[PDB]
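Protein chains in written order, with the entry's author numbering: chain 3, 217 to 735; chain w, 217 to 735; chain A, 308 to 429. Remarks on the structure that follows.
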């Protein structure tokens with residue numbers, strides 16, 4: 217599609233369509249793109265005095281990129297409610313992306329007074345990295361996605377990446393990418409850009425909670441035909457003697473029944489309380505944290521493998537670094553109080569996954585004998601074993617959607633730990649840049665590269681449409697289920713609306729696990 | 217269908233199927249039918265000392281009848297939740313009824329010891345009153361319907377009716393019906409009985425609440441171009457003078473705007489409080505009640521025309537006789553305390569219908585003049601006016617479904633006041649009776665009618681399947697809606713389940729109006 | 308395993324009378340039994356917990372059918388809102404009098420062979 221100056225190159229599409237087992241969400245936003253880095257590539261690195269754990273080396277490019285990797289970019293709160301109250305699972309199917317109504321504007325800063333004017337002949341460059349040749353920076357939970365509220369205008373974030381480093385320096389293996397070394401399409405006002413994408417096959421996300429516990433799967437009315445060791449000594453005349461005795465497990469001793477499965481793996485975290493007085497009076501945010509050690513550096517495990525946030529009757533507690541934490545509206549960046557953030561809770565999976573702040577279990581450490589008593593120890597970290605079952609972390613209305621699976625020789629259960637769908641060929645990155653326009657050149661030749669350009673930026677509309685496949689529930693449960701609902705009581709503001717000043721805000725995080733399912 | 221003694225004449229069908237805009241509910245129960253009235257018709261009438269308001273005359277027949285005119289006969293609590301959380305309306309479409317696996321058993325009471333045996337040759341008579349020739353006693357909220365829990369066995373209720381009376385006596389116009397004067401099908405063990413029925417066209421029941429008020433439909437930003445009388449006098453020198461002044465209504469005086477519609481009709485009720493101390497210390501249950509006068513008798517208006525139960529911030533109040541009141545499990549019959557009943561609430565319709573315990577409005581009563589001030593009075597009863605709009609009473613999981621519209625010359629908005637669908641040709645009545653089997657007769661002829669029969673009863677299964685048409689919601693609301701949900705907190709029993717003794721109970725009444733709609 | 312066939316037949320229903328400490332048992336030719344297979348896995352699956360009540364190993368033994376029951380979520384001795392309750396009468400089931408039978412078939416999915424060997428090397 218291409219036409220003149222006075223022709224819109226696209227329309228505004230924003231709604232959702234529910235049809236059978238599909239739902240199609242399309243959203244449109246308006247964006248603004250500045251000139252980053254003053255048209256330059258720049259090597260960046262960590263500060264000289266930074267600790268060894270915080271060293272890095274990389275580059276920052278003059279390009280921007282579009283990002284729609286959060287659920288609230290596509291679902292309204294009402295649409296999210298429809299989804300989670302009536303379906304056991306869902307997954308993305310295909311995607312459509314469109315960029316249109318480009319406007320480039322030049323700025324003049326004469327005498328502290330700014331004048332903005334159209335530049336009808338300038339252009340922007342766009343290309344999609346459909347072969348995954350650039351370092352993939354999506355899927356790191358960065359800011360700069362499409363806004364949740366359709367009436368908001370957002371700035372396009374700048375592209376940059378990191379490569380191998382040795383302290384603050386680079387090594388011979390580190391690679392540098394010039395994004396101008398890709399074929400890209402140049403658009404003037406009156407051109408548009410589209411492409412399509414098909415998701416690979418992925419398992420449905422489990423939008424349910426189990427109505428049974430992994431340790432409670434037996435018939436409570438019938439005993440087992442297997443025996444377990446129930447007593448190791450028996451009373452003799454005024455004393456005891458070693459004597460093995462066996463029993464069949466029933467309901468009275470349900471903890472001893474033979475079982476076929478084991479709970480999911482574990483990697484223990486430290487426990488903190490939402491009540492301030494319960495926590496220790498010290499700075500253990502890093503010393504008491506759970507981390508992994510890679511190439512001599514320590515890195516915080518956050519949020520880590522999916523484990524239950526707490527056991528029953530203990531909502532006040534949560535793992536130190538084991539849950540997603542969103543910020544309330546207009547909360548700051550650094551060292552905000554607990555009233556400014558929204559802490560998620562993964563308690564629905566405590567039917568199969570162990571609690572994040574307890575041990576996995578206990579194993580024996582010695583060989584008991586006539587003169588040696590049996591001894592056990594706690595297991596604070598347990599890799600996977602044959603016979604384990606578990607659930608993955610839940611997804612949230614304002615959480616990520618997908619993540620690119622790293623191209624490696626091996627990987628196990630490649631669902632991203634922050635939640636979502638792991639894809640070997642995720643939706644490609646979409647890079648965009650204003651073409652530089654040089655200022656008045658000299659009338660005598662000079663071989664030095666240009667350094668004076670016309671100050672300008674661009675704006676336009678972006679739209680993205682995604683088809684999702686649904687998995688309808690088929691329960692024979694008799695009593696009603698738990699549903700997500702709004703409270704009826706009066707209030708000064710309605711949730712998920714704007715306030716008197718025009719600020720849209722999301723008052724709480726919303727998971728997906730409300731319906732139930734048998735184990 | 218017909219076969220031997222050792223052949224089941226039907227299977228057990230009980231589940232629900234959701235497909236697009238239809239839902240098909242089928243339920244099966246087992247019933248027991250005694251011998252009523254000892255095989256006789258009997259004239260019945262009110263007691264001689266009864267008050268004039270309680271006089272009646274009629275007959276009781278030896279027949280039983282099947283009744284499935286409550287919603288919980290067809291919907292499980294989980295199915296009811298599905299319905300009310302995702303649809304704006306519904307209505308019945310067609311019906312299937314089946315009676316099978318009949319067993320007749322004879323009882324012998326020798327010496328205080330009861331012996332029960334099969335009687336393979338005895339029969340039962342069944343017929344459906346498909347031409348509406350008998351007095352229609354369904355639709356009066358009587359007990360004896362199919363139980364809500366499928367595992368319960370229920371007794372078939374006895375059939376009886378009332379006709380015209382003059383005090384305790386009858387008149388020449390009163391009519392008597394012999395049910396043996398109908399063609400009926402006789403079933404032995406091994407026969408079954410089926411029929412089908414199609415509902416006439418009826419409007420969908422409104423399963424929504426209005427998200428706007430009838431008096432708040434304007435644009436709050438723009439004034440009207442019409443004027444209203446805003447002041448009738450103006451200040452003169454140290455005094456006032458009559459002087460008419462007019463203004464255009466805006467947001468500051470929103471109560472004065474010109475409007476196109478009026479709230480629904482009214483018939484005022486007395487207000488009582490759920491807090492005991494707020495009510496008067498007297499017996500006003502009948503003296504303070506609202507009633508209608510028909511043929512010299514007073515009859516309580518219950519529940520009457522649909523009006524809101526209370527205004528906002530007043531949940532403690534409810535109209536004396538203006539709401540449906542269900543009883544909790546195992547509550548008594550007479551003079552039970554308020555903790556034993558479940559009082560419904562119709563507050564969702566206060567956007568269009570007036571509050572049941574307030575006046576409809578005020579009208580002027582005189583002609584003001586130089587020496588006469590204007591006077592107004594309250595309107596406690598208001599018939600319908602051109603331009604009125606209103607909502608009908610909600611339906612409940614344990615409330616009635618339909619009612620037969622009386623065959624009269626005229627009627628207005630014939631939706632039954634207890635809630636549900638008004639039908640001119642409702643589902644027909646289904647009468648059933650054990651055929652009498654005479655005992656040992658004398659060996660010499662006697663013309664007197666028989667009076668000694670073999671004591672016996674019957675049992676079997678009954679199934680009913682109904683197709684319902686759904687009306688899906690199509691809202692563009694942004695914020696999430698209110699949904700019916702279970703509470704998550706711990707409890708001794710789960711709602712809508714059985715207790716430790718096996719008693720199924722419904723802990724609260726459940727309406728239909730959770731989704732919202734613009735006015 | 309590859310495939311499975313199941314059959315239920317020769318049903319007899321008998322009524323008991325306990326008059327005066329003396330028991331009398333008689334046929335009840337018109338009574339019935341209900342049978343259904345949970346072919347969509349909608350009920351809590353209690354098989355596979357090594358419970359008693361299977362078919363006896365010796366073909367000449369007569370066995371009692373075990374009672375069905377299940378557990379759901381609990382908080383101590385109490386339940387929670389998430390716990391679910393199942394009414395088995397809420398399923399379509401076939402009713403059999405003496406003279407009716409009940410059959411169905413089933414095909415196992417693909418599974419690896421069970422290793423009926425021991426390794427002769429370490």
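Yeah, the Cβ is synthetic: ideal placement off N, Cα and C, and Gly gets one too.
- A straight line joining the alpha-carbon of residue 366 (chain A) with that of residue 284 (chain w) spans about 48 Å.
- Contact between residue 598 (chain 3) and residue 576 (chain 3) holds, with the beta-carbon distance rounding to 4 Å and staying under 8 Å.
- Within the segment 227-256 of chain 3, the residues whose Cβ lies closer than 9 Å to any Cβ of chain w are, in chain order, 231, 234, 236.
- In this structure, residue 486 (chain 3) sits near residue 536 (chain 3), with a CB-CB distance shorter than 8 Å.
- Residue range 401-403 is occupied by the beta strand (DSSP E) that includes residue 403 (chain 3).
- Contact of residue 708 (chain w) with chain A by beta-carbon distance below 7 Å involves 385.
- When Cβ-Cβ separations below 8 Å define contact, residue 317 (chain A) makes no contact with chain w.
- Separation of residue 551 (chain w) and residue 333 (chain w) (C-alpha to C-alpha, rounded to the nearest whole angstrom) is 42 Å.
- Nearest neighbour of residue 459 (chain 3) by Cα position, chosen from 451 (chain 3), 697 (chain 3), 345 (chain 3), turns out to be 451 (chain 3).
- A direct Cα-Cα distance of roughly 10 Å separates residue 425 (chain w) from residue 566 (chain w).
- Any Cβ of chain 3 closer than 8 Å to the Cβ of residue 711 (chain w) would place that residue at the interface, and such an atom is present.
- Per DSSP, the continuous beta strand (DSSP E) segment holding residue 341 (chain A) begins and ends at 340-342.
- Across the structure, residue 500 (chain 3) and residue 534 (chain w) are spaced so that their CA atoms are roughly 58 Å apart.
- Bridge partners of residue 665 (chain w) according to DSSP: none are assigned.
- Using a Cβ-Cβ distance cut-off of 8 Å, the segment 440-455 of chain w and the segment 313-331 of chain A are not in contact, since fewer than three pairs of beta carbons, one from each stretch, lie closer than that value.
- With a cutoff of 8 Å on beta-carbon distance, residue 642 (chain w) and residue 665 (chain w) are scored as not near each other.
- In the three-state DSSP reduction, residue 287 (chain 3) falls in the helix class (H, G or I).
- Using a Cβ-Cβ cut-off of 7 Å, residue 221 (chain w) is close to 336, 337 of chain A, given in chain order.
- Within chain 3, 694 have C-beta atoms less than 8 Å from the C-beta of residue 292 (chain w), given in sequence order.
- With 16 or more neighbouring CB atoms inside 10 Å of its own CB, residue 293 (chain w) falls in the buried class.
- At a cut-off of 8 Å between beta-carbon atoms, residue 722 (chain w) makes no contact with chain 3.
- Judged by DSSP secondary structure, residue 315 (chain 3) falls within the beta strand (DSSP E) whose first and last residues are 303-324.
- Residue 332 (chain w): member of the beta strand (DSSP E) spanning 331-334, first to last residue.
- In this structure, residue 381 (chain w) lies near residue 272 (chain w), with their beta-carbon atoms less than 8 Å apart.
- Around the beta carbon of residue 513 (chain 3), a 10 Å sphere encloses fewer than 16 other beta carbons of the protein chains shown; the residue is thus reported as exposed.
- Here the alpha carbon of residue 298 (chain w) sits roughly 16 Å from the alpha carbon of residue 733 (chain 3).
- With a cutoff of 8 Å on beta-carbon distance, residue 648 (chain w) and residue 340 (chain w) are scored as near each other.
- For residue 695 (chain 3), the three-state secondary structure derived from DSSP is coil.
- As for any beta strand (DSSP E) of minimum length 3 sitting wholly inside the segment 563-596 of chain 3, the runs are 577-580, 592-595, ordered along the chain.
- In this structure, residue 613 (chain 3) and residue 392 (chain 3) do not form a Cβ contact; the two beta carbons are roughly 38 Å apart against a cut-off of 8 Å.
- Per DSSP, residue 372 (chain w) lies in no beta strand (DSSP E) and is assigned neither H nor E.
- For residue 407 (chain A), at least one C-beta of chain w is nearer than 8 Å to its own C-beta.
- Close to residue 301 (chain w), with beta-carbon spacing below 7 Å, are these residues of chain 3 in chain order: 301, 699.
- Scanning chain A for C-beta atoms nearer than 9 Å to the C-beta of residue 503 (chain w) yields nothing, as the closest lies near 45 Å away.
- Within the segment 327-359 of chain w, contact with chain A at the beta-carbon level (separation under 9 Å) is assigned to 329, 331, 332, 333, 334, 336.
- With a 10 Å radius around the Cβ and a threshold of 16 neighbouring Cβ atoms, residue 724 (chain 3) comes out exposed.
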